[PDB]
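Letters go in sequence order (proteins before strands), and every chain restarts at 1. The analysis underlying the following values was restricted to heavy atoms, covering all of them including side chains, and did not include hydrogens, waters or symmetry mates.
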Protein chains: 4
Amino acid sequence: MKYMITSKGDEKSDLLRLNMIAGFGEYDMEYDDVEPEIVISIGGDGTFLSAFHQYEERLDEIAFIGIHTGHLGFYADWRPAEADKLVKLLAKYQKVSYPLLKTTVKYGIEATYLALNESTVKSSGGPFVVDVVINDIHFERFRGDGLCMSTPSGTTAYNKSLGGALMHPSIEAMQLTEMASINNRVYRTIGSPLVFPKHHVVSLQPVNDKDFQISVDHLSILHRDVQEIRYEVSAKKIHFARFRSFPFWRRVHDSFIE
Amino acid sequence: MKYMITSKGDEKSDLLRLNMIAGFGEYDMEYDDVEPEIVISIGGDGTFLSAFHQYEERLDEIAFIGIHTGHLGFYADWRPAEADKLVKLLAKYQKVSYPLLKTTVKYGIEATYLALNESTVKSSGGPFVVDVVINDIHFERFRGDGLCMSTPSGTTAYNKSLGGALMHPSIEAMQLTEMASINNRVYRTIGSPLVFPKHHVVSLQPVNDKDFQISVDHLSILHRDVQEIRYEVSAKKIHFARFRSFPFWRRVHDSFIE
Amino acid sequence: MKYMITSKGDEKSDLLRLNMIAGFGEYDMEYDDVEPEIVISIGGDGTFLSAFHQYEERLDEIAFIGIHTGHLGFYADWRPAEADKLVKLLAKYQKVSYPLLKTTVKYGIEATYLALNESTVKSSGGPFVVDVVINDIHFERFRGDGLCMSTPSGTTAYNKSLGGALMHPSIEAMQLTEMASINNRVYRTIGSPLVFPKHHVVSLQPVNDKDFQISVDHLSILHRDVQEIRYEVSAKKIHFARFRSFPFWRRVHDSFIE
Amino acid sequence: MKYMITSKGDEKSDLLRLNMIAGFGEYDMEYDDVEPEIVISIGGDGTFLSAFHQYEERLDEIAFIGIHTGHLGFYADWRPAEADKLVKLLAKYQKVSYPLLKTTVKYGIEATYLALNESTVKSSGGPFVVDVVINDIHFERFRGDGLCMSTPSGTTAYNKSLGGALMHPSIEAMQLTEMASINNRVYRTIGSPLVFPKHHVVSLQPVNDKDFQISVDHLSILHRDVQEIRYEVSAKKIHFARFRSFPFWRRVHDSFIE
Ligand SMILES: C#CCNC[C@H]1O[C@@H](n2cnc3c(N)ncnc32)[C@H](O)[C@@H]1O
Ligand SMILES: C#CCNC[C@H]1O[C@@H](n2cnc3c(N)ncnc32)[C@H](O)[C@@H]1O
Ligand SMILES: C#CCNC[C@H]1O[C@@H](n2cnc3c(N)ncnc32)[C@H](O)[C@@H]1O
Ligand SMILES: C#CCNC[C@H]1O[C@@H](n2cnc3c(N)ncnc32)[C@H](O)[C@@H]1O
Ligand SMILES: C#CCNC[C@H]1O[C@@H](n2cnc3c(N)ncnc32)[C@H](O)[C@@H]1O
Ligand SMILES: C#CCNC[C@H]1O[C@@H](n2cnc3c(N)ncnc32)[C@H](O)[C@@H]1O
Ligand SMILES: C#CCNC[C@H]1O[C@@H](n2cnc3c(N)ncnc32)[C@H](O)[C@@H]1O
Ligand SMILES: C#CCNC[C@H]1O[C@@H](n2cnc3c(N)ncnc32)[C@H](O)[C@@H]1O
């Protein structure tokens, strides 16, 4: 099977990567970073995020696995001492799929992005005001720092810091959370996080300023002359290679409780 | 079609109820409060809640409709001036189903409940401490005022006041929110609301005191010698008669924004 | 100097208490639990709370000291291994004063309480609705689970779990926090915690039900036929014997961060 | 008395300003925008903020008054229809003082600012990590979007959106609130807002990146090679001319409740 390994680039990760490649050399496995069927990320969740975005055009043909050389990750959920066991098992597994978020940005005179964690919108030097439209229905006028749209697996990330709910990645949904919304006699937002099912479309529409700083996972870009930002649950899914049970809620416990 | 009408019991509601019955008298419709196929609730959400619990043993055979004589309700979402139009249309509609929550209470030496909004657990005079177990995995030891498990339609109720997320009722899920959790160097809870898919089981297990005040929607009972409280998404669903489009998110907007 | 020692009543605490009494026997110190000038509490914050309430009528004549036999407390902030050192130093110190909360309860056809942590109000079986009046000005109609009024030192307790701010006990103030407030198009509360200076009076006035469950620190009582609940910063203060520097913010760090 | 009037610069405000100047012409009053003793701001809170910062070097010699031509402001708390009455009364009042925040920024190889609302710190393109030090004691390592330090009158502004408490401006204090803090098994912040008395010093110290976007009220500047950011309650106070009673809590009610 064609495979590749990305590394965080520190000593520990590169040596682990060389050792796994050497071990893969003892099996019918071809290193190929152009059309891999297996993508191993060694590092942290940041490293895994880059791996996903490197190959986001071949998601349906790839199964991902993350090894954590630092602390336990939500995506990089296997330990280095288990690398040898991982080599063997991979050589000869079930696949687990998580939902992704599609962001569409439209301009004047169109770009789409795929997120594994979340997409966020803030202003580019000035007050952030957008009209929030759900399935063509005007829902609210949002004034604040910005907004965040999370995938289920993303809910443990930025979404969590914003008071969002944690949702099991088996739920095909996206979650919208507010950043520092203004609420007074005049201005009014829902306050609560909002969880949207598949096929629902959330559109953000500029009121005055049309420039926005938009993020998708790690990447943050200043967009100019924006007419609309559309969020929806993607038709695409990320696929993980599963070798043993490590339940999401146990992953949550291990990361946040103890 | 067999039908019945419950009233809040104030003047406005009883007169509206008598008028609809009179109007139903002009069609092939039989009043029957034992085996109705249609249950009309006239009043508020509290009135609708009682209607649901009155007939919770025939949910699969009943389509519910709520008329709001006071303010707009999430369940009682039609206006009194539309009663005549409702009579006609009902006489000769699509059905919309929402998920429900199953609560199981086990003792020493077993009772099950169905909730349309939520079930909550608090202590009966003393400190509340329970072990939270998700699919047989110990997740956290909760210390605080109590816990709340909400259906999707319930998310706009008690759940919302506790910082929970609002979720579209098309999502088959339940949501657990904390009431005043203690978090310090010693005690540790997740903090965030948790959203569970169908088939996941959340079990609350006593640590010391075994007496608990348990609520299901409007009903609140002191339970004694409790060994376990199990929450899961019910196999049963509530069915609404749908006569026109009134999207959940528009219902949310109308109730909270303007 | 006249002194007494209260114990949590477990083995560790009673033996520590007997040893300190024996050690005090080597100095000019008289055990007197009627008119002590020094009150030593051995146990946890709960034990210290009881010590305070046991002698709340002689606060101006007493200096308190807490020893923690369990985990570190905010009031019981000295370790058992330091008991001998405490005996000596006490025998031959500076005094530190913290603000207290006065609760007044008025009826039909008047009772006052002093709180070291907080006073809370909830309903006694039913919906909680009160009108909140600040210095005779109607501020809001509160609908929810209840309300909590905290002293500065209390801010690390129940107040913290409710999203309240932590405030240095050198600030003569009280802080009002909400429990699960209902906010929609119809009902409206401030949401935010409110911090009141000395001489401001917060009055809670019943709207419908006049029965309330009122707590002051550890004690919780059902009050009947209530006409008003008044909160204000007390003229009285609790006095601590200070033997070394242990800054409030360090106490906060040690208890919550690490 | 020497005086000046600043305007928002819209039609309504300029005409109101010309009319008040004309009316002042009927009294012993000299327009002087260099050394005024009275500064009238006509517009909104933004306009008032600029007025304050225009004259922040003569705060002890100036009494401020705000007129709101748009919605009611916390600083601009008088209505246009009352301009004539204001002219008269000012011609021949009590003074009310609010606390201010001092921000000190130190570099490598020192700048101080005065805030009426708040000062905030965020990163300049990258992860925000700072060590929070209170009176020379290391309190926490903060990871998140940023931090906000509010004056009492500022507590109704940005501070409120971040979950901060509202505090009466008679309390000489500052309040620190978190923006989207990361909390997991590894990283740990207090969570709660923190209220500091006069003479307490809060120092933010860089961990890695030394570039920060720092705001003081309306002004936001990228600071380079920062070694420390110090916050403390200022010795300086803003003085308002008071003509009638308009209690802070009533101002809060009018702005947020109804
Ligand atoms: C910018 C930046 C770094 N912040 C990322 C932190 O969040 C973590 N993270 C990334 N993705 C997730 C995630 N999906 N769930 C929980 N934590 C996550 C990452 O491990 C790190 O702890
Ligand atoms: C890991 C990693 C790489 N950083 C990207 C992730 O950082 C996470 N993040 C950024 N800011 C915060 C934040 N302020 N709190 C928690 N997570 C955050 C966010 O989820 C994003 O996907
Ligand atoms: C006890 C009590 C009364 N509190 C109930 C309030 O919440 C409302 N309520 C009941 N169910 C829901 C609901 N499902 N969503 C939003 N509000 C709801 C009810 O209308 C009323 O406004
Ligand atoms: C309507 C109605 C009947 N009351 C029952 C409902 O009241 C709701 N409720 C009770 N307490 C609160 C509350 N404190 N905030 C918001 N909703 C609440 C809860 O959802 C429950 O189902
Ligand atoms: C009922 C009950 C027990 N909950 C009390 C918990 O809060 C603690 N507590 C009591 N007073 C304070 C306090 N003033 N600050 C922080 N924690 C406090 C006590 O130590 C224990 O951890
Ligand atoms: C200690 C001790 C004795 N218990 C009394 C204290 O418990 C504290 N408390 C009660 N409930 C909670 C709570 N739910 N969260 C945090 N602290 C709480 C409260 O401050 C009260 O003064
Ligand atoms: C950037 C920007 C605009 N946001 C400012 C909003 O907050 C308001 N504001 C400014 N200062 C305060 C303030 N001190 N209290 C409450 N609101 C304030 C201002 O009126 C406006 O409503
Ligand atoms: C008014 C005015 C001028 N804008 C400055 C003020 O805007 C306020 N502000 C900026 N962002 C927010 C915000 N996100 N929510 C509430 N208030 C905000 C902040 O207090 C600042 O002093």
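Note: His200(D) leads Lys198(D), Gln175(D), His200(D) in heavy-atom pairs under 4.5 Å with chain C. Options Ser192(C), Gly191(C), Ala173(C), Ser170(C) differ in how many heavy-atom pairs under 4.5 Å they form with chain D, and the most are formed by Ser192(C). Interface remark: of the candidates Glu140(C), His138(C), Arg188(C), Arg188(C) forms the most heavy-atom pairs closer than 4.5 Å to chain D.
Contact annotation for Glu172(D): neither backbone nor side-chain heavy atoms come within less than 4.5 Å of a heavy atom of chain C. Within the 4.5 angstrom heavy-atom criterion, atoms from both the backbone and the side chain of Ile190(D) approach chain C. Of the two parts of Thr177(C), neither the backbone nor the side chain holds a non-hydrogen atom closer than 4.5 Å to a non-hydrogen atom of chain D.
Atom CG of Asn208(C) has 12 or fewer neighbouring heavy atoms from other residues, nucleotides or ligands inside a 6.0 Å radius. Around the NZ atom of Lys237(D), the shell of radius 6.0 Å holds more than 12 heavy atoms that belong to other residues, nucleotides or ligands. At most 12 non-hydrogen atoms from other residues, nucleotides or ligands lie less than 6.0 angstrom from NE2 of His71(C).
At least one side-chain heavy atom of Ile171(C) sits less than 4.5 Å from a side-chain heavy atom of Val195(D).
Atoms CE and CG, from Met167(C) and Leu194(D) in turn, are 11.0 Å apart once rounded to the nearest 0.5 Å.
Near-neighbour residues of residues 144-164 of chain D relative to chain C, defined by a heavy atom under 4.5 Å from a heavy atom of that chain, comprise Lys160(D), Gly163(D), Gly164(D). Heavy-atom proximity under 4.5 angstrom to chain C picks out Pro247(D), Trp249(D), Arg250(D), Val252(D), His253(D), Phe256(D), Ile257(D) from residues 245-258 of chain D.
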